[PDB]
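A single chain, nothing else alongside it, follows as structure tokens in the form deposited in one PDB entry.
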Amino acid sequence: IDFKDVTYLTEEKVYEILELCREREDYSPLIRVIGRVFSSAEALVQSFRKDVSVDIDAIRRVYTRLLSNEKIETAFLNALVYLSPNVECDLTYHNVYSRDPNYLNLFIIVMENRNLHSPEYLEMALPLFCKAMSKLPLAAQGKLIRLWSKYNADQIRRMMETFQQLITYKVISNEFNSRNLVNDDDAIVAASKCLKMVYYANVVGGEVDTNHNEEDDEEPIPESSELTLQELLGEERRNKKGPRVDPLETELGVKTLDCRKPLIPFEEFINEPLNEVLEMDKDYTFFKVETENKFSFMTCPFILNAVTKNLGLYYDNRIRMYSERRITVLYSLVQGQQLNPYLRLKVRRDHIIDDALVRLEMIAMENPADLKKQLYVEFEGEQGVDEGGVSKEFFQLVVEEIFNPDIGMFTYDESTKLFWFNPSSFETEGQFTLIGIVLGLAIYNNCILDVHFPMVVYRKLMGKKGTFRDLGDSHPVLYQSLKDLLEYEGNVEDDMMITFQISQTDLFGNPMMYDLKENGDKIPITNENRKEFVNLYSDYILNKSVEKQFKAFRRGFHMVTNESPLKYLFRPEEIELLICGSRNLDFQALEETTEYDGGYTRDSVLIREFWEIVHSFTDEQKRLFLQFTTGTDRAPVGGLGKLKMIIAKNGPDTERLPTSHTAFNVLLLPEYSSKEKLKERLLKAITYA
């Protein structure tokens, strides 16, 4: 048999060839047919036929036999190298997919190879194939993702690991720097674009809930100058389409915000070796302006860790801050006004809330664009140019005063150590806008706050209402009191006489009785509506009870973060790490990245005698030291290594305590005589403050 007149393969028609070739000693015709049909796209489209036209099981079972012999595997390795460059050029100019949807049958056959994970494919087979699958149209990609969403956890993990190791290998082997950018590489970009496919397969395959969305964000009205210019241009009747949304999120119709529990934890898609070679200043520009052949990794934010994503948001905020400096210069030149490039805030120490409220609410009406200037807070009666020192002090002061239980805005739970909105307080809508603005101004001006909220608060800020499953952190006792109701195996309408009307204690101590439906006490709880009572009790507790308090809080947060990519890069889980910081205090990293000036060197007598005192500080004394030098008790995103502390020499051995310049994280350390004297002054400096 010549076997030179075949153009496609099925399960039985390759099984018979294997059976007939087993009795001989050649095994060569199988290699020839594998290298002839699997190297041609037109052969693979019609191969293994039965929205897909290839049977997965037939492909799975044939591969379990062909990859038994070592030489047969090498045919598969070589077939991919010959096939992919054809498909890459075929999908770029020939416009093949629209002609026949069966072209996608090519990639499913390849992606089911068991040895794609093996290190032998990382050289030339996989990188070229990812180039072919990176050029698929949005229509093919959307339906390809849907088939992958039906896989279980192990299959998705294998598929993700295939493209992850290619990304690490192309970065480990090569050397990328500020002159050899990662973006222009044609292998990592194609592998990252291919990793996005399995990412959305993981999103869709998990628990997806779409209909539980909040109200649309109240878009702020631009200044009167921009409104007037719109009427002249005749485009005053149509609005902007909105935030930049991934084009793959539109074809599928499912966003990452909907996915509650994915098949795989979202932190597993982060490629740490990629992050350590990424220049986020150049990556942001490729995100804004479309450059020739540079691919911005901010278009695939799932691959960046918290530190790298925090840098991308930082550059977007700073560039918007610079644009407000150019406009103020233009106003003084052309219009002859006074140069005011700052969001200047004059507040008193005893009236932080009242002063910051009458100033920020005024700006939110007259000049809504002033909130995007650099913050410059100065306290009344005190003189000083604020480089960041006073902003850090003000951010700590307003947060520690807003969350005071006496103010009545937030309730404190001493068990879980989290704050929740207080629905009892009324006529305090204006303050809820202030705390929303302050959170937005903290992200914008890059200062971390000491704010303790349940994860539901950061989910409602992003637009997702709190469901029953989110009650485990907000109201821990009500969660188990309601979980037991569903878990009860016996009858529910007789053992306890709970009706559809609830009771809630208030500040006045009068338990008000609330009816979920029209009448609660007139309707008992039955097993048929056992799940219904939970779905309305949780909805009222998280959403309906605090609707007015959270509407103002969300409105203020949106006035400062509407044009930022915050909704694009950060999931609700990662918002908390951005507003607040990490509580872990790795003082070894602080020592590693500390710089010295004024005469001190890394191996000075006092500097070496200084790091032996802080390393012996207890947990409480490590917190006091950071509050003295940084202005915050917490560590920035990442760790203390990102906190480039500086120790500066301050004159001879004195009885004066050390002083700190918290704007630049500078500790001014006199050259004390001994180690014991250094400890006494250091302890006295951080405790009194």
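Think of the rigid core as the biggest set of C-alphas that the two forms share within 1.5 Å after superposition. Residue numbers here begin at 1 and follow the sequence given.
Going from residue 50 to residue 51, you skip over 10 or more residues of the deposited sequence that the entry leaves unmodelled.
Unshown form deposited in another entry; subsequent notes refer to it.
Aligning the rigid core between this form and the one not shown and inspecting 243, 524, 273, 137, the C-alpha positions shift by 2 Å or more at one residue, which is 243. If you fit the rigid core between this form and the one not shown, you'll see the Cα of residue 573 move by less than 2 angstroms. Remark: with the core as the superposition reference, the CA shift of residue 119 between this form and the one not shown stays below 2 Å. Once both forms are overlaid on the rigid core, the distance between the two CA positions of residue 401 between this form and the one not shown is under 2 angstroms. Relative to this conformation, a decrease of 3 Å or more in the Cα-Cα distance between residue 196 and residue 245 is found in that other deposited form.
In contrast to the form presented, in that other deposited form the C-alpha positions of residue 244 and residue 156 draw closer by 3 Å or more.
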